[PDB]
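The data block below is structure_3.cif; it holds mmCIF, C-alpha atoms.
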data_upload
#
loop_
_atom_site.label_atom_id
_atom_site.label_comp_id
_atom_site.auth_asym_id
_atom_site.auth_seq_id
_atom_site.Cartn_x
_atom_site.Cartn_y
_atom_site.Cartn_z
CA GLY T 287 -17.41 -12.25 -22.62
CA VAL T 288 -19.14 -9.25 -21.08
CA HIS T 289 -21.90 -11.47 -19.64
CA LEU T 290 -19.70 -12.94 -16.88
CA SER T 291 -21.37 -12.84 -13.47
CA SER T 292 -18.31 -11.63 -11.58
CA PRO T 293 -18.05 -7.81 -11.79
CA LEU T 294 -14.24 -7.79 -11.82
CA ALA T 295 -14.00 -10.06 -14.87
CA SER T 296 -16.90 -8.21 -16.52
CA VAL T 297 -15.05 -4.91 -16.08
CA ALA T 298 -11.82 -6.54 -17.28
CA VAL T 299 -13.39 -7.77 -20.52
CA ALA T 300 -15.28 -4.49 -20.99
CA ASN T 301 -12.19 -2.30 -20.63
CA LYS T 302 -9.56 -4.80 -21.94
CA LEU T 303 -7.72 -4.30 -18.66
CA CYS T 304 -5.94 -7.53 -17.77
CA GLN T 305 -4.79 -10.76 -19.33
CA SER T 306 -5.78 -12.79 -16.26
CA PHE T 307 -6.61 -12.65 -12.58
CA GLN T 308 -7.34 -15.16 -9.85
CA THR T 309 -8.37 -15.19 -6.20
CA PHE T 310 -6.43 -17.43 -3.82
CA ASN T 311 -6.75 -18.48 -0.17
CA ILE T 312 -3.54 -20.21 0.92
CA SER T 313 -3.62 -21.58 4.46
CA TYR T 314 -0.93 -22.70 6.89
CA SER T 315 -1.00 -23.56 10.60
CA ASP T 316 -2.92 -20.62 12.15
CA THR T 317 -1.93 -18.28 9.30
CA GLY T 318 -2.47 -17.69 5.61
CA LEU T 319 -2.51 -15.45 2.57
CA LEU T 320 -5.94 -14.38 1.29
CA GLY T 321 -5.98 -12.29 -1.86
CA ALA T 322 -5.70 -11.96 -5.62
CA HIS T 323 -3.06 -12.16 -8.34
CA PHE T 324 -3.33 -10.68 -11.82
CA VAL T 325 -1.33 -10.66 -15.04
CA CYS T 326 -1.87 -7.42 -16.92
CA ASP T 327 -0.20 -4.98 -19.28
CA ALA T 328 1.89 -2.13 -17.85
CA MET T 329 -0.83 0.42 -18.73
CA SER T 330 -3.67 -1.13 -16.69
CA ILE T 331 -2.19 -2.08 -13.29
CA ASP T 332 -3.65 0.95 -11.48
CA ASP T 333 -7.09 0.28 -12.95
CA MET T 334 -7.02 -3.40 -11.96
CA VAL T 335 -5.87 -2.53 -8.42
CA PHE T 336 -8.68 0.04 -8.14
CA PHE T 337 -11.36 -2.33 -9.46
CA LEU T 338 -10.17 -5.30 -7.38
CA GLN T 339 -10.13 -3.18 -4.21
CA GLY T 340 -13.58 -1.85 -5.09
CA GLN T 341 -14.93 -5.38 -5.46
CA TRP T 342 -13.33 -6.40 -2.15
CA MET T 343 -14.94 -3.48 -0.33
CA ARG T 344 -18.25 -4.05 -2.08
CA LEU T 345 -18.19 -7.53 -0.55
CA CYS T 346 -17.18 -5.94 2.76
CA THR T 347 -20.05 -3.44 2.81
CA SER T 348 -22.97 -4.34 0.52
CA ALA T 349 -22.62 -7.96 -0.52
CA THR T 350 -26.01 -9.21 -1.66
CA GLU T 351 -27.89 -12.49 -1.32
CA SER T 352 -27.90 -13.26 -5.05
CA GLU T 353 -24.12 -13.22 -5.36
CA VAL T 354 -23.88 -14.97 -1.98
CA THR T 355 -25.93 -17.94 -3.21
CA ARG T 356 -24.08 -17.83 -6.55
CA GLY T 357 -20.78 -18.11 -4.70
CA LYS T 358 -22.23 -20.87 -2.53
CA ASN T 359 -23.19 -22.89 -5.62
CA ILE T 360 -19.76 -22.23 -7.15
CA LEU T 361 -18.08 -23.42 -3.95
CA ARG T 362 -20.21 -26.59 -3.83
CA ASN T 363 -19.34 -27.38 -7.45
CA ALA T 364 -15.65 -26.60 -6.83
CA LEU T 365 -15.44 -28.87 -3.77
CA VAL T 366 -17.18 -31.81 -5.43
CA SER T 367 -15.29 -31.35 -8.73
CA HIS T 368 -12.00 -31.34 -6.84
CA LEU T 369 -13.00 -34.37 -4.74
CA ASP T 370 -13.91 -36.29 -7.90
CA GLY T 371 -10.92 -38.54 -8.53
CA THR T 372 -8.84 -41.01 -6.51
CA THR T 373 -5.64 -38.93 -6.47
CA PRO T 374 -7.33 -35.70 -5.23
CA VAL T 375 -9.37 -37.74 -2.72
CA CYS T 376 -6.17 -39.23 -1.28
CA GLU T 377 -4.56 -35.77 -1.32
CA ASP T 378 -7.54 -34.40 0.61
CA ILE T 379 -7.36 -37.29 3.11
CA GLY T 380 -3.66 -36.80 3.81
CA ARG T 381 -3.88 -33.01 3.96
CA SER T 382 -6.99 -33.15 6.16
CA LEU T 383 -5.38 -35.49 8.67
CA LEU T 384 -2.21 -33.39 8.73
CA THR T 385 -4.03 -30.06 9.15
CA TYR T 386 -7.44 -30.60 10.77
CA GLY T 387 -6.64 -33.92 12.45
CA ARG T 388 -9.75 -35.44 10.84
CA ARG T 389 -11.33 -35.92 7.43
CA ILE T 390 -14.25 -33.47 7.19
CA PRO T 391 -17.05 -35.03 5.13
CA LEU T 392 -18.71 -33.24 2.24
CA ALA T 393 -21.93 -33.22 4.29
CA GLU T 394 -20.20 -31.13 6.96
CA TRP T 395 -18.72 -28.87 4.27
CA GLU T 396 -22.22 -28.37 2.82
CA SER T 397 -23.59 -27.65 6.30
CA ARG T 398 -21.00 -24.90 6.75
CA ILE T 399 -21.79 -23.59 3.26
CA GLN T 400 -25.50 -23.38 4.13
CA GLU T 401 -24.51 -21.63 7.37
CA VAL T 402 -22.80 -18.97 5.23
CA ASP T 403 -25.20 -16.17 4.26
CA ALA T 404 -24.95 -12.50 3.28
CA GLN T 405 -24.60 -10.88 6.71
CA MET T 406 -22.00 -13.47 7.73
CA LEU T 407 -20.15 -12.91 4.45
CA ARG T 408 -19.96 -9.15 4.87
CA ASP T 409 -18.99 -9.49 8.56
CA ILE T 410 -16.14 -11.92 7.82
CA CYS T 411 -15.01 -9.86 4.82
CA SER T 412 -14.99 -6.71 6.96
CA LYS T 413 -12.96 -8.58 9.57
CA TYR T 414 -10.34 -9.92 7.14
CA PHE T 415 -10.23 -7.21 4.43
CA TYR T 416 -11.47 -3.82 5.64
CA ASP T 417 -8.74 -1.34 6.65
CA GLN T 418 -6.01 -3.99 6.78
CA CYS T 419 -2.37 -3.62 5.76
CA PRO T 420 -1.74 -5.82 2.69
CA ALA T 421 1.27 -7.56 1.21
CA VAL T 422 2.08 -6.54 -2.37
CA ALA T 423 4.40 -8.42 -4.73
CA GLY T 424 5.00 -6.86 -8.14
CA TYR T 425 7.17 -8.23 -10.93
CA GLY T 426 7.84 -6.73 -14.34
CA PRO T 427 6.83 -3.36 -15.76
CA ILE T 428 5.07 -2.29 -12.57
CA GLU T 429 5.76 1.45 -12.69
CA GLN T 430 2.04 2.29 -12.74
CA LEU T 431 1.42 -0.12 -9.85
CA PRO T 432 0.53 2.28 -7.03
CA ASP T 433 2.55 2.76 -3.89
CA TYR T 434 1.61 1.23 -0.55
CA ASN T 435 -0.14 4.40 0.62
CA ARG T 436 -2.50 4.45 -2.37
CA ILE T 437 -3.03 0.68 -2.12
CA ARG T 438 -4.02 1.00 1.56
CA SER T 439 -6.20 4.03 0.78
CA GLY T 440 -7.95 1.77 -1.70
CA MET T 441 -8.07 -0.84 1.08
CA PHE T 442 -10.53 1.42 2.85
CA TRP T 443 -13.47 3.57 1.76
CA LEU T 444 -14.47 7.01 2.98
CA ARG T 445 -18.17 6.07 2.86
CA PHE T 446 -17.92 2.56 4.37
CA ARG H 2 3.70 11.22 -19.60
CA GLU H 3 1.90 9.20 -16.93
CA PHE H 4 3.11 6.25 -14.87
CA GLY H 5 4.03 3.24 -16.99
CA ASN H 6 6.14 4.79 -19.75
CA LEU H 7 8.34 7.23 -17.82
CA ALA H 8 11.69 5.46 -17.46
CA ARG H 9 13.39 2.16 -18.26
CA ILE H 10 14.32 0.38 -15.02
CA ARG H 11 15.53 -3.22 -15.00
CA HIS H 12 16.62 -5.62 -12.25
CA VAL H 13 15.74 -3.26 -9.39
CA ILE H 14 14.03 -4.58 -6.26
CA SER H 15 12.31 -2.21 -3.82
CA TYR H 16 11.37 -3.04 -0.23
CA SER H 17 8.78 -1.15 1.81
CA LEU H 18 6.72 -1.65 4.98
CA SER H 19 3.38 -0.42 6.26
CA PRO H 20 3.16 3.04 7.83
CA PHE H 21 0.94 1.37 10.43
CA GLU H 22 3.69 -1.17 11.17
CA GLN H 23 6.78 1.04 11.23
CA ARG H 24 7.55 3.97 13.51
CA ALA H 25 6.95 7.55 12.42
CA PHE H 26 10.04 8.79 14.32
CA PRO H 27 12.58 5.94 14.35
CA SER H 28 15.50 7.22 16.48
CA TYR H 29 14.50 10.83 15.85
CA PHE H 30 17.18 12.40 18.06
CA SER H 31 19.99 9.82 18.35
CA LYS H 32 20.26 9.71 14.55
CA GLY H 33 18.71 13.08 13.71
CA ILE H 34 21.33 15.11 15.59
CA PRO H 35 24.42 13.56 13.88
CA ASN H 36 22.74 13.85 10.46
CA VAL H 37 21.92 17.54 10.98
CA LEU H 38 25.46 18.15 12.27
CA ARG H 39 26.92 16.38 9.23
CA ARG H 40 24.77 18.42 6.83
CA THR H 41 25.74 21.64 8.62
CA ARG H 42 29.43 20.67 8.46
CA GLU H 43 29.06 19.86 4.76
CA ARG H 44 27.34 23.15 3.84
CA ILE H 45 28.62 25.58 6.49
CA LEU H 46 31.64 26.89 4.59
CA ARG H 47 29.58 28.13 1.63
CA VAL H 48 27.05 30.32 3.49
CA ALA H 49 28.71 31.47 6.71
CA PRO H 50 31.62 33.51 5.20
CA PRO H 51 29.23 35.59 3.03
CA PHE H 52 26.89 36.10 5.98
CA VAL H 53 29.77 37.07 8.29
CA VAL H 54 31.10 39.59 5.78
CA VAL H 55 27.54 40.97 5.56
CA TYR H 56 27.63 41.38 9.34
CA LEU H 57 31.04 43.08 9.14
CA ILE H 58 29.90 45.47 6.38
CA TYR H 59 26.74 46.26 8.38
CA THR H 60 28.68 47.10 11.56
CA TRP H 61 31.33 49.07 9.64
CA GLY H 62 28.70 51.11 7.81
CA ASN H 63 26.75 51.89 10.97
CA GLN H 64 29.93 52.80 12.87
CA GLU H 65 31.34 55.10 10.22
CA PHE H 66 27.91 56.68 9.69
CA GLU H 67 27.87 57.49 13.41
CA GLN H 68 31.41 58.85 13.09
CA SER H 69 30.37 61.00 10.11
CA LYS H 70 27.46 62.36 12.13
CA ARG H 71 29.98 63.00 14.92
CA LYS H 72 31.45 66.48 15.26
CA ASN H 73 34.95 66.97 13.90
CA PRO H 74 36.95 68.91 16.54
CA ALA H 75 38.94 70.70 13.81
CA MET H 76 36.42 73.58 13.90
CA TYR H 77 37.25 75.04 17.29
CA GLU H 78 36.94 78.53 15.80
#

structure tokens encoding of this file:
Amino acid sequence: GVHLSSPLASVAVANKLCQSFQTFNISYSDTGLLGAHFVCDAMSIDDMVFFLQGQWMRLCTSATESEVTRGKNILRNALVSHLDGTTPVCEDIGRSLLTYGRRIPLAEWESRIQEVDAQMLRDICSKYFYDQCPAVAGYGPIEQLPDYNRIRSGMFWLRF
Amino acid sequence: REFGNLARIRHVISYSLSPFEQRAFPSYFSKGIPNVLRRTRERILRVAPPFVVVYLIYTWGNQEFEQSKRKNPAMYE
């Protein structure tokens, strides 16, 4: 409901904007796609783009320690919940040896997570999000989906 | 009225790049000059004959006005 911690989903349930959204971080050998994907009605695409870009730049500029430690706890739970089970453990082992060349233990993952704090989060988010040219893929009734110029103009702020 | 319910478009795919990744003036002269020449050739025969007959009427009117202000040599006496 409206009591969700994440501001984007709270705004979505308050305004009945979207049917769904997700954040993804797909990685390949020294490259990747970091972003979001949402399913929404044709009359709310501009609002979801505006609110998602606002949340991205809020993390870029004024991300706070409370949501940083909330995201840290969510990431710890996500990593352990994924690595619970023989099939995902074997998948992690094979993928880790193919990509990293070694199997990173959960202790090392937790050490990196504890290394992440608010200033580091806003610095890395400003490096990878702020004033960057995005890739947009729209499918369906996407007439209200803004053009690339408006999407990029949302991908910066005039007040930092 | 607004975006979303303007038209009915199906099965149309649009491709665009970043302004920060593509050139602002991609072959500005080597393709701009033939395009301007083609547009001029396409729309030159609809404007130039009226403007030339304006020029002809202007010169004719000025000339015959000067000739009307000229003295007729019939009145020697």

Translate the PyMOL selection byres ((chain T and resi 411-415) around 10) into a concrete residue list for this structure, as a PyMOL selection string.
chain T and resi 320-321+339+342-347+349+405-410+416-420+441-442

Give me, please, the distance in Å between CA of residue 338 (chain T) and CA of residue 314 (chain T), quoted to one decimal.
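Answer for the CA of residue 338 (chain T) to CA of residue 314 (chain T) separation: 24.3 Å.
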
Residues of chain H within 12 Å of chain T, counting all atoms listed in the file - could you list those as number ranges by chain?
H: 2-23

So which one's closest to residue 386 (chain T), T:363, T:357, T:348, T:315? Using only C-alpha atoms, please.
T:315

For CA of residue 50 (chain H) and CA of residue 31 (chain H), quote the distance in Å rounded to one decimal.
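Between CA of residue 50 (chain H) and CA of residue 31 (chain H) the gap is 29.5 Å.
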